[PDB]
Each structure stands twice: as C-alpha cells, then as structure tokens.
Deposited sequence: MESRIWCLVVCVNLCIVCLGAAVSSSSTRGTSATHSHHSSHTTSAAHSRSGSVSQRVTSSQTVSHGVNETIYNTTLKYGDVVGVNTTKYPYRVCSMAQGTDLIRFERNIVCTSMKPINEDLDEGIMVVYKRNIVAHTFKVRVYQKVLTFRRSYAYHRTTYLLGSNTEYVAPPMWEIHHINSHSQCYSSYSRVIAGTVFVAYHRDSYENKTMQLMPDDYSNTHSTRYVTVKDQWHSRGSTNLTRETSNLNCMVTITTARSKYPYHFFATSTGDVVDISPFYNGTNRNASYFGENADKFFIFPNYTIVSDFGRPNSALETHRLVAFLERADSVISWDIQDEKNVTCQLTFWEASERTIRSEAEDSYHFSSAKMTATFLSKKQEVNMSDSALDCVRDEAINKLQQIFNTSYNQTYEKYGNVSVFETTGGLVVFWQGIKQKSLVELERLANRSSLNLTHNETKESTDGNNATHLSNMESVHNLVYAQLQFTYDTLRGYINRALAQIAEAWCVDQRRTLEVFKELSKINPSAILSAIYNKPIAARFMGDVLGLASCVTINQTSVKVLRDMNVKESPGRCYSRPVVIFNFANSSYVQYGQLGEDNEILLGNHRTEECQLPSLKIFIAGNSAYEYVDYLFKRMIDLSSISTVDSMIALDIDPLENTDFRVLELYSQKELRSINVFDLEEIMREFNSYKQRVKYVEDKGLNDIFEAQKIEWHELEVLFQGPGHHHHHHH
C-alpha cells in the first residue's frame, strides 16, 4: 500500500557509437594496351594499404599526406608513386562530396587518372589516393571489439590504453597498437592549416589494409550501461513471498524484483547514481512537495525482466541479464495484480458483507427456535421436512500473427541469404564458367 517515486532505467542495448579515423592508401593500378589509334584496356586492380605512422602524424597535423607509399617485403623496399610521378609532392585532403550517411571521406584525388601507352606496348599506371574516412564505430558490452560502418573488425577494446589490460580486452598484436598522449589532430580534414585540437589519449592500430585511430574515452564516463526509460511518481508498492511489486498506472504495468536491494555504491550505477537521484529530487519538487516527505533513502532494484528501478518511498549486485524487448508481460501483471487486488477485495467487500448478513439472519433464527423451530430444523437439514447464467465461456486464444513468416522475411529491403546467394553466384560466374 506504500507509495514511492520510481525511475525505470532500461539496459543500454544500443551500441556505443564513436568516431573512428580510417587512414588508407588506395593503390589503383590501371593497365592498358595501345595499338595504333585504338587503346585496349587490359584491366585494373585496386588494393588498400596502411599508410606509415609518420604519414599518419603528418595527416593529423597538417591535413596533408604524401603522394608516395613504401612497403618492406623480404627486406626489399617497394615504393609506389602517384600517377607515376617520382617526386615527393605533399597533397591536401579535399572532400569527395557524396552522402554516405555518416561516412564522410576526404581524398587527395577525386578523379581516376590513366594515360594510354606507346604503340605495340602495354602500360600500367598507378592511382594512389590518400583517403581519410570519419566512420562511425559501434561497440557492445563488454566492448571487447568494435566495428565501423565499413568492413573493419578489430579485437581491441575502445577503452584499453595499455594500463587497462585486466579490465579491457586486447586480442590484437601489441606491435600494431600504439597509444599517444596529448595528441594533436586537425579539426577539419577538408582544408589545410585547420585548428589543431589536443586530446589526452589517442589509440592507433595498423590494420592490414588501413590504419584505425580513435580517441580514448573513459568507460565509466561516456559509456554508461543504463539508459533512462521512464519515471513514475504515482506507483503502488507491494510485498509478496518472493518479490517486491511496483505497479504504475501511468504506464499500466507492474515490475517484480527480488527480495534484495542492489548496493548504491555499485560500479555499474556511477553515472546514473547522481542522475537517477536528480530527477527524483526534481519530481519531489514538482508534484508531491509540501504535503509529502521522502520516506527512506534511494534504493536500487533489479527486476526479473532485466530492468533497473531506482526507488524512493514517499509519505546485492547487478547481473548481466538484459531487459526484455516486449513489455506486455509486465502489462500482464497489471492485468493480474489489479484483478487480484480487485476480486479479492471484492470478496473482502462481499464476504465481510456476507458473514455479517449470515450473522444478522442467525440471531433472527436464534430467538425463532424458541417460537417456530421448524425454520431452524429446515436450516440444519437443508431440505423441506414435515440468480443469473454464467456467460464466462472458454475463450481459447489463437496465435494472432499479424504478419506471416513470408511477410516477416521481407520487412527490410536487404536480405542476408539473398546477398550471400548472389555472392556465391558471382563466384561461380567468375570461376565455374571456366
């Protein structure tokens, strides 16, 4: 019967999204064959390589890269120049327009270049391009790996910074991973001499085909695992043999929590600890002031459905279980706890009326037995001696599938099975046709 203000926080199932700078050198070699006045294109091959670390620093400092790439293979240095120009030209990063939702790219070269070769001789020309992509990388708890919008997967926690090995996963090679404090990065890659922002810690990883850089942030500062779902000031609290029940008619749902309270000093509630309190205080200063007072301290409960409840009555660790996406079951409790709280109370309003009534009649019989014992004898024999029908039938519910499985498989414009089958068909067309 006691009342309190509750704040329901849902599990942060949305992946933490951050900005990742992908630096990549695109070597696009176009080979053609020239014969008299007609040139025959012999083909093209495009590869992505990781620019050197000093070039990454130069890009982050000046928004400019170099038109030359060097790679060490078997002790031999192979150098590729842009447009077969053997100079050391420094090229600026200019935008390539496009939309790509949230995949803005800055490229030094915006047009493919290729010149025809000499007569009776094939010529191959390089089209090295310095591309920096500000991609959106999403990670999910326990954040052992994060992947960008493109096809890049890394086995490194976004918060690992060398000294956080025991608390943050790190499965990639330590040789390819670097940490730089007080690192300077350009604010805008599109123009040179842009403002250089300083960051406390930046992590770099030399991938096979590119270099992935990200600004290191504290896990408990920007990657909190609880998201505010809804606050309810008018909530009825009840106790049952194994559960605390919090029923809110604003959302028409009741949540059941175990017979224990989560410690307020838990490490998973940090960014919420103040926030969940603050809103509560705001509520205490918005709807139930003056005439009401805070009964007890703020408590934390974990419901059986996975939701988190911050409770403050007004007059011991969290688990890894996630919240249920569909909350109708909670509404089901609201369909029960109400009726269970109604029908029983109705009985408490009928039997209490009945027991008195049977008493009131009984005294009428008590004297009547002295005058007319026939009524008492009939009552104790329940036989002579000498309301409404029930439309509550069996309403067996059927499976109301609004959309069939065929309709469910065609909700989105992309189907993974069809794409994989098309890729297999492409492989067959390029290999099996031979």
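Residues of the deposited sequence lacking C-alpha coordinates, counted from 1, fall in the stretches 1-120, 436-467, 539-650, 699-731.
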